[PDB]
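No hydrogens, no waters, no symmetry mates; every other heavy atom, side chains included, goes into these values. The chain is numbered in sequence order, starting from 1. Counting convention: from 1, in listed order, for ligands and their atoms alike.
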Amino acid sequence: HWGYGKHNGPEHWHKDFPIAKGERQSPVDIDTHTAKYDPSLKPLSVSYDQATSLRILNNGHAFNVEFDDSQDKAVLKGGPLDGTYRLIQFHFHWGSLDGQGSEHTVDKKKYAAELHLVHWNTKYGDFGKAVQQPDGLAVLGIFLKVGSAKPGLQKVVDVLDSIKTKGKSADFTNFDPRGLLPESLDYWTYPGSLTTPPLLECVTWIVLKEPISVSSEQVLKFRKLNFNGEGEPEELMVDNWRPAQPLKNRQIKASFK
Ligand SMILES: NS(=O)(=O)c1ccc(C(=O)CSc2ncccn2)cc1Cl
Ligand SMILES: [Zn+2]
């Protein structure tokens, strides 16, 4: 039942998932001025050379591109992290308009969209167990602005017609998520949560400073997807973002000045 509308959107989630109001919820606004530079933060290590995409799914909240995470193929490590985290899926949040859509904000600035590359700590053996741990997940957040097309995104945009409605899936092999990365890997990092229910507080958030550019036509195709299932009245999949949540104790660290 949760969703992104007037009656079941983020303001209502706390009734089914009381952790919605917890001590380390995401996303947050990143105040770039108060984020602390940390010279001891390591470069982020993204090894996506051996990534095996399997499938793309409309889950009725977003679309997921899923990866084979049964061996250490596509891994995140270094940066603020202490272990190896395997890529399990990526998905996006986006707006009804180019002026909004990102979950994290940068000095209150909203980006047209936000990419989440979700990874789980190898120590916990699988994603299901990892989410029950305070360091179980590492999510790499990348902002999208609208200008130039991202050539590496087109393969994803062209299959969306095949997964229009809730519960549809399509095979989606040999997609290289390295084509979604910006140039710089400078990042902010803070401890947080899933941004959708179950809102589990198991995430180390690694948000890239440098946004990627996507074309107006690429993001327009995101907006043609549907929250509803195939038998049902059309509700465009738009505005599937959770607003910034209270920072509370937390400190956001920066890998850069
Ligand atoms: N917006 S986000 O924080 O990157 C994010 C959104 C959805 C999910 C899920 O996997 C939800 S499905 C699920 N979640 C917990 C336990 C069993 N299944 C995971 C993440 Cl990290
Ligand atoms: Zn997400």
Could you walk me through whether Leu140 and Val118 pass the side-chain contact (heavy atoms from CB on, under 4.5 Å) test, one step at a time?
CA-CA 7 Å; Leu140 185 59; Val118 175; over 6 Å; no
Considering non-hydrogen atoms only, spot the tightest contact between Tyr187 and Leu185 and give its length.
CD2-O, 3.2 Å
Would you call [X]-[Y] a salt bridge at under 4.0 Å N-O?
X: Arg178; Y: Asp176; value: yes
X: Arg24; Y: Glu201; value: no
X: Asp98; Y: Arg223; value: yes
X: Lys164; Y: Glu234; value: yes
X: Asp161; Y: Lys224; value: no

Provide, to 0.1 Å, the distance between [atom] and the closest protein heavy atom, together with that atom's residue and name.
atom: atom 5 (C) of ligand 1; result: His91 CE1, 3.8 Å
atom: atom 16 (C) of ligand 1; result: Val131 CG2, 3.8 Å
atom: atom 9 (C) of ligand 1; result: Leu194 CD1, 3.9 Å
atom: atom 10 (O) of ligand 1; result: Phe127 CZ, 3.3 Å
atom: atom 15 (C) of ligand 1; result: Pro198 CG, 3.4 Å
atom: atom 6 (C) of ligand 1; result: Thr196 OG1, 3.6 Å

[X] touching ligand 1 at heavy-atom level, < 4.0 angstrom:
X: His61; answer: no
X: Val118; answer: yes
X: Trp120; answer: no
X: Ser193; answer: yes

What protein atoms of element N, O or S are positioned under 2.8 Å from the Zn ion (ligand 2)?
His91 NE2, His93 NE2, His116 ND1
Look up atom [atom1] in [X] and atom [atom2] in [Y], then write down how far apart they are to the nearest 0.5 Å.
X: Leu181; Y: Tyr48; atom1: CG; atom2: OH; answer: 6.5 Å
X: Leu160; Y: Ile56; atom1: CG; atom2: CD1; answer: 5.5 Å
X: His119; Y: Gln89; atom1: NE2; atom2: CD; answer: 10.0 Å

When you look for heavy atoms under 4.0 Å from ligand 1, do you find them on the side chain of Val203, its backbone, both, or neither?
neither
Among residues two or more places apart or on two chains, list those pairs meeting ring-ring contact (aromatic ring centres under 6.0 Å, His included) that have a residue in residues 224-257.
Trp188-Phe256
Considering the heavy atoms of [X], write down every atom of ligand 1 situated less than 4.0 Å from one of them.
X: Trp205; value: 3 (O), 4 (O)
X: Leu137; value: 21 (Cl)
X: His93; value: 1 (N)
X: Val139; value: 4 (O), 21 (Cl)

Below 3.5 Å, N or O to N or O, backbone or side chain included: is there any such pair between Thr195 and ligand 1?
yes
Under 6.0 Å between ring centres: does that hold for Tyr111 and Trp94?
no
Begin with the C-alpha distance, continue with both residues' side-chain angles, and end with the deciding distance and a verdict on salt bridge (charged side-chain N to carboxylate O under 4.0 Å, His left out) for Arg55 and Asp171.
CA-CA 4 Å; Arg55 210 183 62 148; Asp171 302 304; over 6 Å; no
Name the orientation class of the two ring planes belonging to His61 and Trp2 (parallel below 30°, tilted from 30 to 60°, perpendicular beyond 60°).
parallel
Are any of the protein's heavy atoms under 4.0 angstrom from atom 21 (Cl) of ligand 1, yes or no?
yes
